[PDB]
Protein chains: 4
Amino acid sequence: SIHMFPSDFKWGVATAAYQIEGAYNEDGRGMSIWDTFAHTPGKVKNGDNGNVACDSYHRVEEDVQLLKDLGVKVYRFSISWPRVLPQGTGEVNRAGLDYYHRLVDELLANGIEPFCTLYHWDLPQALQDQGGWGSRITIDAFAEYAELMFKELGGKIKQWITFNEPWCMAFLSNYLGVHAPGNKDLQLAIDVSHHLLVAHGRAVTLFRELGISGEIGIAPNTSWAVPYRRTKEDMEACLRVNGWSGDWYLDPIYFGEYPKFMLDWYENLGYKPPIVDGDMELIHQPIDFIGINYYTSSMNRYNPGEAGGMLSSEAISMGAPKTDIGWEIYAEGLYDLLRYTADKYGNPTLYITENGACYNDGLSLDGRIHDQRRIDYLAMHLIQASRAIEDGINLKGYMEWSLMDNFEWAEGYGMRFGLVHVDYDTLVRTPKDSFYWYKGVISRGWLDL
Amino acid sequence: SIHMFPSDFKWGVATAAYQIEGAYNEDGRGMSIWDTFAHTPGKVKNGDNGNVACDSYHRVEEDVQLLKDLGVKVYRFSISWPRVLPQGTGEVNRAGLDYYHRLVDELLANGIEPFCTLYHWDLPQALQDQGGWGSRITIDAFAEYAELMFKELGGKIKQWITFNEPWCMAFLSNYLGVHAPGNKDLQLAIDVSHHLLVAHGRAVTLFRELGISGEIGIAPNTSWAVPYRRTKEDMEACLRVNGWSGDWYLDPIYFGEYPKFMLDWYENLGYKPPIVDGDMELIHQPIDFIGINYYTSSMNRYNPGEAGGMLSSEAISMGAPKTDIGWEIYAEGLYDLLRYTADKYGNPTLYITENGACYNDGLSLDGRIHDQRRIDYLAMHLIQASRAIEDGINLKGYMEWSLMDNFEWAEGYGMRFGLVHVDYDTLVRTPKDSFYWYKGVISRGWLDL
Amino acid sequence: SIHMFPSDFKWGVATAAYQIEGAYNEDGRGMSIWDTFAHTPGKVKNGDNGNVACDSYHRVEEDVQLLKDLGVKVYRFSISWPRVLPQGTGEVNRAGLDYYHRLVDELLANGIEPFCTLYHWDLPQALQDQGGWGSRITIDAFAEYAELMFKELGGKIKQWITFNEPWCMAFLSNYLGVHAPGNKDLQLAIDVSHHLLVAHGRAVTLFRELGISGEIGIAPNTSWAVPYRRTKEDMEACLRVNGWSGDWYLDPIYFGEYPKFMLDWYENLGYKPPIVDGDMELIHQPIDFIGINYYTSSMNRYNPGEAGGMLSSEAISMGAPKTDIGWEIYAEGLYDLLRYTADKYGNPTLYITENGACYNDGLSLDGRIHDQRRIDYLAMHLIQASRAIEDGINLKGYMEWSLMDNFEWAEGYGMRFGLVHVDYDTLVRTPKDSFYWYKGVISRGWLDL
Amino acid sequence: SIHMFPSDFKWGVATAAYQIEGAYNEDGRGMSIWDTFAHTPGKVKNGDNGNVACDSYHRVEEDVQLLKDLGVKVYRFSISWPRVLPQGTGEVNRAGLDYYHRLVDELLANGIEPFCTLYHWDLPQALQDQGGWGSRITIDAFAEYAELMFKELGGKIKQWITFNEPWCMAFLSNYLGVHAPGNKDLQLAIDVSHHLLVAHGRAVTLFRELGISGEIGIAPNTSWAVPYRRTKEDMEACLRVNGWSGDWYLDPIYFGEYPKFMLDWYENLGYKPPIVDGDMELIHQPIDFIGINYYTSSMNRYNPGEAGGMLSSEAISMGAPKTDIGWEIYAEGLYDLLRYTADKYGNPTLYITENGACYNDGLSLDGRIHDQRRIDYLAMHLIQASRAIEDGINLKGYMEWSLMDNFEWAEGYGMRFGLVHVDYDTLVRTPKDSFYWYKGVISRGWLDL
């Protein structure tokens with residue numbers, strides 16, 4: 001069956017600074033909360049860290065070569081805040097900016113549109129020492145940072161993302177303690193969520209004031225959940241899942257207010273966002289697009305007990321196949337999420353800023369990586385992406401997650417999400433079968449599956 | 001995650017006369033349309049036929065042993081019409097009835113509840129020579145047949161199914177020409193559908209009049225389809241899918257009228273059911289349960305062109321994993337179908353009379369059949385079955401399709417659906433891993449997946 | 001493509017006394033030229049002999065069981081002359097006749113038609129000591145032998161073959177010295193050819209006089225050859241190939257004279273058949289059928305040099321695939337041979353008395369013999385057999401060579417021609433995949449290939 | 001057996017522009033009907049296209065190196081019409097001509113004789129927009145094209161072929177709709193067949209007028225068929241097979257008239273070639289040779305029903321071994337075809353312009369491709385080629401199909417016909433075992449098989 005895609009569809013791939021760059025202690029780069037976290041014994045699996053990663057800092061040419069070989073039209077990457085402003089504010093490290101300029105220049109020179117992500121969890125340790133995202137001071141620092149990048153790369157980059165996966169940097173980091181800084185405080189997580197949103201709003205305003213042409217948005221990893229039973233309590237239990245991960249950030253931006261149902265939920269628990277008068281108006285700035293980061297979804301039901309958790313929404317195994325990282329495959333969730341976002345936010349421009357599977361396939365004696373499982377996963381989701389477009393949703397692009405295997409945060413290097421296999425011991429890069437497959441999909445513009 | 005099942009849940013397994021029995025030309029058994037079809041060159045793959053099959057006719061003890069080893073509480077099987085009435089009517093072949101009595105006695109002796117299926121596509125050739133289901137004469141023959149079985153086994157059997165998968169015996173057989181008799185006439189298929197329904201209604205009436213205690217119903221293989229786009233035309237295109245395969249038979253029974261939308265669809269094409277005055281009232285007889293036969297579902301969209309077919313409903317590949325027979329795995333469709341049936345028909349008693357996967361796994365040098373794929377499939381669907389029960393649907397039982405590998409109709413013996421591996425050359429039966437797995441599920445009454 | 005076969009087509013399989021029986025020195029059996037030959041160092045590969053073979057002499061029940069499992073309608077076997085008449089003449093060994101009666105009775109009891117072959121190369125050593133087939137005395141001995149068998153088994157057997165593969169027992173044995181007795185004399189080979197024909201004629205006459213109902217014929221292994229070039233000399237070179245192996249025996253029977261072209265060829269070399277006045281008339285007796293033994297054919301060209309040989313007909317490799325015994329696969333040769341025989345001899349009743357492939361496939365760890373190569377070979381030839389029938393040729397039956405692996409004469413036990421695998425060390429018989437395949441072909445009566 | 005070949009035998013290999021070149025959108029190359037076809041969803045398997053192919057456009061040196069390593073004396077390639085005349089007529093793209101000049105120069109520099117093929121299905125889309133070969137305008141365009149190439153490369157190339165496989169570009173493309181343009185109209189296919197023949201005749205005339213020394217011919221893929229039964233109707237059914245694919249084109253050229261039997265066949269169906277007065281005389285121009293393209297042949301029989309098709313000639317499976325693309329191996333058909341052509345057309349100069357097998361063998365861990373099946377196939381056919389020469393047929397050369405694996409039209413890249421393995425993902429070329437084998441055959445000039 002032929003799954004068609006628009007002629008002007010933006011095919012791309014994405015990466016993240018700390019996950020691929022390496023050279024963490026070079027050319028005046030300051031430490032980030034992740035350098036600290038990774039260096040802390042017991043925080044990352046096997047004691048892995050992004051010290052070297054894929055060494056992309058010294059392999060701009062190699063990165064771009066993979067990109068032009070893939071035939072990608074858009075490349076999404078992030079800027080390492082500590083690399084341009086080691087202290088988060090003040091002294092500008094030109095050596096860092098030089099790298100990003102060199103990268104962007106190569107991209108442009110090869111017809112690849114840069115999709116820059118300002119913040120991808122690598123907060124400068126200096127700012128963290130001052131309270132990190134828990135302090136409003138960091139909001140100022142981010143505004144300074146954003147303005148700097150807008151002035152530096154704003155003339156070459158016309159695709160900007162303020163924060164990538166707000167829930168992960170806020171709740172998974174400050175509430176669940178799985179990601180840097182590694183705190184376990186619900187209120188703090190809510191504080192961080194509020195401060196990042198204000199920082200975002202201010203960044204959007206600056207983008208507009210600077211008159212720099214292009215688009216700017218935010219990329220939430222809106223968690224999806226399907227109602228176990230057709231009950232009001234189950235549907236609401238599922239609404240809270242996408243509510244505390246996506247709606248919590250998109251609503252203040254689009255409507256100038258946090259989602260009511262979530263506010264009431266937190267309020268009943270004794271939690272409220274530290275809203276300083278004027279904040280909501282700062283956050284309430286029109287953005288050009290929403291970045292959808294999808295990987296999986298669950299089947300939830302209302303449960304007031306421990307099984308339901310803070311959201312009293314218990315997930316129930318569908319018995320579905322899982323990726324090597326343990327996530328269930330529910331391709332239909334992509335369509336459901338896109339449909340939801342399109343309905344609620346007035347069908348704005350949507351870009352799948354992240355979508356991929358974790359499959360640890362290595363090299364066969366063949367010399368190649370036969371990751372059919374990744375191909376199958378991607379194919380299923382691209383079918384849902386095409387479905388959404390056919391269903392009138394404004395999906396303007398798709399960027400599969402991870403160009404190459406990288407530092408998978410707390411999981412270390414064990415989990416592989418890339419199209420290009422990276423042997424971390426020899427740093428040798430070998431394009432997987434999925435690479436060549438995706439290349440063909442991009443070339444054709446359609447899928448015969 | 002623990003998927004619970006009611007204490008009184010009827011766990012079972014099913015088979016079909018011509019698919020396992022064998023001894024087609026023994027003890028006075030008359031030929032059926034399938035004996036003829038299978039014997040016709042080019043009709044069945046490799047020229048396979050149910051002459052011997054699994055030889056269950058001579059292995060009653062072996063069959064029952066597998067059943068008690070599995071721990072099954074219910075066993076669904078069918079009666080070979082030509083074996084009890086070689087000419088479809090008149091002379092009663094007691095040798096045939098003896099077999100069924102011996103089987104039923106063994107079942108009862110081992111605490112296994114018989115779930116008898118009167119008609120499973122094996123129409124006596126003698127009746128086919130007179131026009132088969134295209135002639136109203138066959139309706140009389142079936143009424144005679146039903147009455148005979150009700151009087152013979154009615155005292156031991158309290159679970160009766162008139163027709164199994166009406167759409168298959170009607171449309172796939174007389175419209176698509178894939179199954180016996182192998183005709184290609186839409187109107188004829190509609191005629192057959194009407195006549196089988198009248199025969200069903202008359203059989204239900206007889207069941208009531210004979211005062212035989214128990215339950216009686218019909219088992220449709222209601223094809224499921226998911227709307228590609230959230231469009232009225234797509235939703236209607238999907239409604240026609242379940243409409244011409246399930247609603248077309250259940251509506252005349254529950255409401256005393258064919259589904260309006262289907263009537264109009266056929267009418268516009270110049271097709272109408274041969275309704276003789278009084279027929280609808282004969283069909284409109286209350287049944288005790290609905291037998292749900294589920295295996296897969298599709299994703300359809302409206303299409304007036306050839307791609308849409310007669311129903312102008314084009315199926316679009318989900319890119320989902322498929323069984324060895326080529327059917328996509330869409331476990332959620334089970335829940336959707338059960339939910340649909342429960343809503344429309346007043347939440348009647350439901351029994352999943354068929355559900356399984358076609359996986360051709362053979363014996364490993366291990367000596368066992370490691371069919372994890374079948375286990376995974378079953379597990380996923382049982383999770384949906386439990387979901388339905390949790391969602392208030394009256395699902396009272398589950399019977400996985402095929403106790404052992406058998407004659408898969410037009411596919412011959414190549415496609416394996418059973419829990420027990422059957423080597424057709426040596427007729428040796430070896431329980432697969434799925435057998436032992438299902439056994440455990442039945443024993444526990446729940447599933448930890 | 002469906003290759004149909006007549007409803008009354010005689011499906012069968014064949015064996016040979018010395019190749020399967022065993023018990024060479026039991027129940028008063030006399031030695032044959034093959035017992036002597038095989039016992040002679042250097043005559044048979046590895047020093048193998050038919051002392052035990054498949055031990056079919058003690059396994060009548062097992063033989064017949066394989067036959068009824070195969071679904072064969074006709075079974076062709078041969079009578080061990082030394083087993084019924086140890087000295088070739090005189091004293092009758094009733095113990096031997098008892099075996100054949102027991103075998104025939106079992107066959108008849110299971111609906112298997114016996115196809116008896118009087119002579120299959122096992123000439124009694126006693127007669128060989130008197131000159132063997134080189135002496136006219138043996139003609140008398142054979143007449144006595146034939147009469148004995150006709151009187152003994154004539155009431156149960158209605159299918160008789162006097163001599164099997166005359167060329168092999170004559171030329172390959174007395175001219176090439178590869179088979180028993182192992183002589184190298186062209187004239188002697190011609191003498192033997194003449195004497196066996198007279199013995200045949202006399203046997204046919206006796207068959208008629210005894211009034212025993214049934215059929216009687218001879219089974220030549222008419223070697224086929226295709227003209228390399230469309231030249232008269234090449235066509236004649238090819239005619240001599242089928243001429244000295246088949247025409248040389250069939251012509252005296254059908255026309256009462258040896259083929260002219262062959263007579264002239266031998267005459268020019270100084271060779272002539274020892275025709276005693278009256279002989280040709282004795283040989284010129286009407287037979288009921290011709291037994292065609294086909295396996296392969298070649299591509300020949302005229303060559304007066306050594307490469308052409310005695311017949312000045314040099315074979316040229318077609319580069320075609322070969323069986324494990326080294327014979328090229330030329331299925332079309334079957335049709336060509338049948339067509340030739342049908343044209344020349346007035347389209348008489350034809351029976352493919354031998355056709356199979358030598359494939360040494362053994363048991364896999366599977367426990368089965370996956371001899372797809374044998375299946376493919378048989379299929380190709382059965383397609384040609386069906387072709388011949390469609391082309392109006394009177395082919396009334398097919399008997400694939402070797403029911404089970406046996407003593408392959410000079411090749412010993414190394415070459416396997418059977419449908420049933422025989423482990424010569426343990427004497428265990430295991431039906432190969434070809435067995436089950438052929439069984440299906442016989443059952444259907446057609447072939448979907 | 002030694003199969004000898006003449007000392008002056010022209011050993012070669014062949015390729016096709018769109019199948020290997022790549023760089024479809026470079027140096028001003030215009031689109032062809034195949035670029036369009038391949039780019040159309042659902043037209044080519046997996047959505048493959050000749051965009052890159054083997055990238056031979058940028059690898060002239062590599063191509064020639066393989067050629068000199070193979071020891072080939074002749075290299076047959078085709079000119080991409082859209083590459084020299086992007087619009088089919090008018091503006092000459094010198095960049096395209098430069099490539100062909102560079103290739104030809106390298107060939108000549110290494111002692112390799114160029115065998116140029118003007119048309120190999122890649123008709124300029126511009127001409128197709130005007131009706132393509134259905135319009136007589138294209139005849140003019142081809143005449144202009146031919147004249148251009150004759151003037152450009154005529155001084156270096158002395159071996160010219162106007163059209164390659166006329167039946168494929170005509171019937172398979174415009175009647176069966178399997179190849180570009182993809183039409184289904186018998187009359188249109190007949191129109192195209194007529195127009196290409198006129199274009200051919202005009203091209204031959206130009207070749208003569210320009211006084212350019214050398215040879216010029218046409219290469220039909222005359223389909224061969226063997227009579228199932230020795231019946232007149234079957235023989236005629238087989239004559240139509242080679243008649244509508246080869247005789248239909250060769251007769252107007254050699255005799256100045258379409259084959260009578262074919263004319264009558266089409267006429268009875270209501271079809272006639274659009275013969276404009278003077279056309280037959282234009283086509284009736286003496287050619288220097290006939291290019292025989294052989295791969296397989298069938299066994300046909302007369303059949304007025306659907307099974308017989310338009311030609312009422314039903315093919316019957318020989319059960320013979322097949323190549324990986326599904327074609328039966330019938331080596332003898334080569335000899336039969338050559339013999340037929342030699343008899344009918346006055347034994348003109350013949351060149352096997354195409355002959356090879358589709359075997360998808362890839363690299364073993366050995367690092368080499370052990371394609372013994374291709375070697376066996378080639379060997380068998382070369383034996384028939386030698387046979388033809390020995391039989392007095394004027395076979396002056398052999399060119400095995402595909403130097404390297406390439407874009408197999410509608411089959412995409414999945415089917416491999418080359419002597420050199422091409423990994424389409426890495427574009428790495430690895431000589432297969434067949435390469436080294438063929439090299440040896442060319443070196444020796446004979447074959448010991």
# chains A, B, ... in the order shown; residues from 1 in each chain; ligands from 1
call {"tool": "closest_atom_pairs", "arguments": {"of": "chain D", "to": "chain A", "cutoff": "10 Å", "atoms": "only C-alpha atoms", "output": "tab-separated table"}}
result
residue	atom	partner	partner_atom	distance
D:38	CA	A:444	CA	9.8
D:39	CA	A:444	CA	7.2
D:40	CA	A:444	CA	9.2
D:41	CA	A:2	CA	6.8
D:42	CA	A:448	CA	7.2
D:44	CA	A:448	CA	9.9
D:45	CA	A:448	CA	8.5
D:46	CA	A:448	CA	6.1
D:47	CA	A:448	CA	6.8
D:48	CA	A:440	CA	8.3
D:49	CA	A:444	CA	9.1
D:51	CA	A:443	CA	9.7
D:363	CA	A:366	CA	8.4
D:364	CA	A:366	CA	8.1
D:365	CA	A:366	CA	6.5
D:366	CA	A:366	CA	10.0
D:367	CA	A:366	CA	9.2
D:424	CA	A:436	CA	9.5
D:425	CA	A:436	CA	6.4
D:426	CA	A:436	CA	9.3
call {"tool": "write_last_selection", "arguments": {"atoms": "N, CA and C atoms", "output": "PDB file, in the first residue's frame"}}
result
ATOM      1  N   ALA D  38       9.447   4.785 -13.179  1.00  0.00           N
ATOM      2  CA  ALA D  38      10.087   4.393 -11.925  1.00  0.00           C
ATOM      3  C   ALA D  38       9.717   5.311 -10.769  1.00  0.00           C
ATOM      4  N   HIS D  39       9.527   6.591 -11.071  1.00  0.00           N
ATOM      5  CA  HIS D  39       9.162   7.569 -10.051  1.00  0.00           C
ATOM      6  C   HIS D  39       7.689   7.470  -9.660  1.00  0.00           C
ATOM      7  N   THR D  40       6.902   6.778 -10.480  1.00  0.00           N
ATOM      8  CA  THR D  40       5.481   6.602 -10.212  1.00  0.00           C
ATOM      9  C   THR D  40       5.269   5.497  -9.180  1.00  0.00           C
ATOM     10  N   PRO D  41       4.633   5.834  -8.048  1.00  0.00           N
ATOM     11  CA  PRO D  41       4.364   4.877  -6.974  1.00  0.00           C
ATOM     12  C   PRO D  41       3.630   3.635  -7.466  1.00  0.00           C
ATOM     13  N   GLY D  42       4.161   2.472  -7.107  1.00  0.00           N
ATOM     14  CA  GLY D  42       3.541   1.217  -7.491  1.00  0.00           C
ATOM     15  C   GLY D  42       3.940   0.639  -8.834  1.00  0.00           C
ATOM     16  N   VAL D  44       7.292   0.288  -9.948  1.00  0.00           N
ATOM     17  CA  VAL D  44       8.494  -0.523  -9.789  1.00  0.00           C
ATOM     18  C   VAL D  44       8.554  -1.083  -8.372  1.00  0.00           C
ATOM     19  N   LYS D  45       9.039  -2.315  -8.255  1.00  0.00           N
ATOM     20  CA  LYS D  45       9.150  -2.995  -6.969  1.00  0.00           C
ATOM     21  C   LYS D  45       9.962  -2.186  -5.968  1.00  0.00           C
ATOM     22  N   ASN D  46       9.391  -2.004  -4.777  1.00  0.00           N
ATOM     23  CA  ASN D  46      10.016  -1.259  -3.683  1.00  0.00           C
ATOM     24  C   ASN D  46      10.170   0.235  -3.948  1.00  0.00           C
ATOM     25  N   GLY D  47       9.759   0.676  -5.132  1.00  0.00           N
ATOM     26  CA  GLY D  47       9.878   2.079  -5.484  1.00  0.00           C
ATOM     27  C   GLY D  47      11.273   2.412  -5.976  1.00  0.00           C
ATOM     28  N   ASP D  48      11.965   1.403  -6.497  1.00  0.00           N
ATOM     29  CA  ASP D  48      13.316   1.569  -7.012  1.00  0.00           C
ATOM     30  C   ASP D  48      13.308   2.353  -8.317  1.00  0.00           C
ATOM     31  N   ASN D  49      14.434   2.990  -8.623  1.00  0.00           N
ATOM     32  CA  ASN D  49      14.578   3.773  -9.846  1.00  0.00           C
ATOM     33  C   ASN D  49      16.039   3.855 -10.263  1.00  0.00           C
ATOM     34  N   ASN D  51      17.926   6.328 -10.683  1.00  0.00           N
ATOM     35  CA  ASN D  51      18.520   7.617 -10.334  1.00  0.00           C
ATOM     36  C   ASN D  51      20.033   7.499 -10.189  1.00  0.00           C
ATOM     37  N   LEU D 363      27.509 -11.865  -1.452  1.00  0.00           N
ATOM     38  CA  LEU D 363      28.823 -12.198  -0.931  1.00  0.00           C
ATOM     39  C   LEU D 363      28.739 -13.149   0.252  1.00  0.00           C
ATOM     40  N   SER D 364      29.588 -14.167   0.235  1.00  0.00           N
ATOM     41  CA  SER D 364      29.658 -15.116   1.335  1.00  0.00           C
ATOM     42  C   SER D 364      30.651 -14.476   2.305  1.00  0.00           C
ATOM     43  N   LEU D 365      30.802 -15.032   3.504  1.00  0.00           N
ATOM     44  CA  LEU D 365      31.761 -14.480   4.466  1.00  0.00           C
ATOM     45  C   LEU D 365      33.166 -14.634   3.877  1.00  0.00           C
ATOM     46  N   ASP D 366      33.230 -15.435   2.819  1.00  0.00           N
ATOM     47  CA  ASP D 366      34.431 -15.720   2.046  1.00  0.00           C
ATOM     48  C   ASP D 366      34.916 -14.398   1.451  1.00  0.00           C
ATOM     49  N   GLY D 367      33.952 -13.540   1.116  1.00  0.00           N
ATOM     50  CA  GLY D 367      34.239 -12.251   0.513  1.00  0.00           C
ATOM     51  C   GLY D 367      33.965 -12.319  -0.980  1.00  0.00           C
ATOM     52  N   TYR D 424      24.182  -2.150  -3.936  1.00  0.00           N
ATOM     53  CA  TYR D 424      23.509  -0.881  -4.192  1.00  0.00           C
ATOM     54  C   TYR D 424      23.548   0.169  -3.091  1.00  0.00           C
ATOM     55  N   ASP D 425      23.838  -0.249  -1.864  1.00  0.00           N
ATOM     56  CA  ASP D 425      23.909   0.692  -0.755  1.00  0.00           C
ATOM     57  C   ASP D 425      25.272   1.368  -0.700  1.00  0.00           C
ATOM     58  N   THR D 426      26.316   0.599  -0.988  1.00  0.00           N
ATOM     59  CA  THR D 426      27.686   1.105  -0.960  1.00  0.00           C
ATOM     60  C   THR D 426      28.290   1.271  -2.356  1.00  0.00           C
TER      61      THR D 426
END
call {"tool": "residues_around", "arguments": {"residues": "residue 163 (chain B)", "least_positions_apart": "2", "cutoff": "6 Å", "atoms": "only C-alpha atoms", "output": "PyMOL selection string"}}
result
chain B and resi 119+161+218
call {"tool": "closest_residue", "arguments": {"among": "D:225, D:287, D:157, D:393", "to": "residue 213 (chain D)", "atoms": "only C-alpha atoms"}}
result
D:157
call {"tool": "closest_residue", "arguments": {"among": "B:22, B:201, B:154, B:243", "to": "residue 53 (chain B)", "atoms": "only C-alpha atoms"}}
result
B:22
call {"tool": "residues_around", "arguments": {"residues": "region 164-168 of chain C", "least_positions_apart": "4", "cutoff": "8 Å", "atoms": "only C-alpha atoms", "output": "list in words"}}
result
residues 117, 119, 120, 121, 172, 173, 179, 193, 196, 218, 219, 220, 221, 244, 245, 246, 249 and 293 of chain C
call {"tool": "atom_distance", "arguments": {"atom1": "CA of residue 274 (chain C)", "atom2": "CA of residue 191 (chain C)"}}
result
6.0 Å
call {"tool": "atom_distance", "arguments": {"atom1": "CA of residue 254 (chain D)", "atom2": "CA of residue 284 (chain D)"}}
result
6.2 Å
call {"tool": "residues_around", "arguments": {"residues": "residue 322 (chain B)", "least_positions_apart": "2", "cutoff": "12 Å", "atoms": "only C-alpha atoms", "output": "ChimeraX atom specification"}}
result
/A:376 /B:295-298,317-320,324-331,357-359,373-374,377
call {"tool": "select_by_dssp", "arguments": {"residues": "region 260-329 of chain D", "states": "strand (DSSP E)", "output": "PDB file with N, CA and C atoms, in the first residue's frame"}}
result
ATOM      1  N   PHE D 289      23.233  -7.866 -39.630  1.00  0.00           N
ATOM      2  CA  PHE D 289      23.141  -8.975 -38.686  1.00  0.00           C
ATOM      3  C   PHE D 289      21.851  -8.942 -37.879  1.00  0.00           C
ATOM      4  N   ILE D 290      21.591 -10.041 -37.177  1.00  0.00           N
ATOM      5  CA  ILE D 290      20.424 -10.158 -36.317  1.00  0.00           C
ATOM      6  C   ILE D 290      20.948 -10.425 -34.911  1.00  0.00           C
ATOM      7  N   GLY D 291      20.461  -9.654 -33.948  1.00  0.00           N
ATOM      8  CA  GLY D 291      20.884  -9.828 -32.573  1.00  0.00           C
ATOM      9  C   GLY D 291      19.916 -10.736 -31.850  1.00  0.00           C
ATOM     10  N   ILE D 292      20.394 -11.909 -31.452  1.00  0.00           N
ATOM     11  CA  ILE D 292      19.560 -12.870 -30.743  1.00  0.00           C
ATOM     12  C   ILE D 292      19.674 -12.697 -29.232  1.00  0.00           C
ATOM     13  N   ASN D 293      18.541 -12.418 -28.597  1.00  0.00           N
ATOM     14  CA  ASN D 293      18.483 -12.264 -27.150  1.00  0.00           C
ATOM     15  C   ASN D 293      17.729 -13.472 -26.613  1.00  0.00           C
ATOM     16  N   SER D 297      12.644 -20.591 -22.930  1.00  0.00           N
ATOM     17  CA  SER D 297      11.615 -20.979 -23.884  1.00  0.00           C
ATOM     18  C   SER D 297      10.599 -21.824 -23.131  1.00  0.00           C
ATOM     19  N   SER D 298       9.420 -22.005 -23.714  1.00  0.00           N
ATOM     20  CA  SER D 298       8.368 -22.773 -23.063  1.00  0.00           C
ATOM     21  C   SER D 298       7.875 -23.950 -23.888  1.00  0.00           C
ATOM     22  N   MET D 299       6.833 -24.604 -23.382  1.00  0.00           N
ATOM     23  CA  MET D 299       6.209 -25.747 -24.036  1.00  0.00           C
ATOM     24  C   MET D 299       4.750 -25.339 -24.164  1.00  0.00           C
ATOM     25  N   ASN D 300       4.326 -24.994 -25.376  1.00  0.00           N
ATOM     26  CA  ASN D 300       2.957 -24.539 -25.588  1.00  0.00           C
ATOM     27  C   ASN D 300       2.037 -25.484 -26.337  1.00  0.00           C
ATOM     28  N   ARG D 301       0.740 -25.239 -26.179  1.00  0.00           N
ATOM     29  CA  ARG D 301      -0.298 -26.013 -26.840  1.00  0.00           C
ATOM     30  C   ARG D 301      -1.443 -25.073 -27.179  1.00  0.00           C
ATOM     31  N   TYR D 302      -2.174 -25.399 -28.236  1.00  0.00           N
ATOM     32  CA  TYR D 302      -3.302 -24.591 -28.664  1.00  0.00           C
ATOM     33  C   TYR D 302      -4.398 -24.620 -27.613  1.00  0.00           C
ATOM     34  N   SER D 313      -2.390 -19.735 -27.185  1.00  0.00           N
ATOM     35  CA  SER D 313      -1.244 -20.617 -27.033  1.00  0.00           C
ATOM     36  C   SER D 313      -0.912 -20.699 -25.551  1.00  0.00           C
ATOM     37  N   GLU D 314      -1.364 -21.773 -24.913  1.00  0.00           N
ATOM     38  CA  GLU D 314      -1.138 -21.981 -23.488  1.00  0.00           C
ATOM     39  C   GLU D 314       0.190 -22.652 -23.182  1.00  0.00           C
ATOM     40  N   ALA D 315       0.951 -22.040 -22.282  1.00  0.00           N
ATOM     41  CA  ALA D 315       2.238 -22.580 -21.869  1.00  0.00           C
ATOM     42  C   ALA D 315       2.020 -23.611 -20.767  1.00  0.00           C
TER      43      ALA D 315
END
call {"tool": "atom_distance", "arguments": {"atom1": "CA of residue 199 (chain B)", "atom2": "CA of residue 127 (chain B)"}}
result
14.0 Å
call {"tool": "residues_around", "arguments": {"residues": "residue 83 (chain C)", "least_positions_apart": "2", "cutoff": "10 Å", "atoms": "only C-alpha atoms", "output": "ChimeraX atom specification"}}
result
/C:17,24-32,79-81,85-88,92-97,99-100,122,124
call {"tool": "closest_residue", "arguments": {"among": "B:411, B:140, B:113, B:405", "to": "residue 427 (chain B)", "atoms": "only C-alpha atoms"}}
result
B:405
call {"tool": "residues_around", "arguments": {"residues": "residue 312 (chain C)", "least_positions_apart": "3", "cutoff": "10 Å", "atoms": "only C-alpha atoms", "output": "list in words"}}
result
residues 233, 234, 236, 237, 238, 240, 241, 300, 301, 302, 303, 304, 305, 306, 307, 308, 309 and 315 of chain C
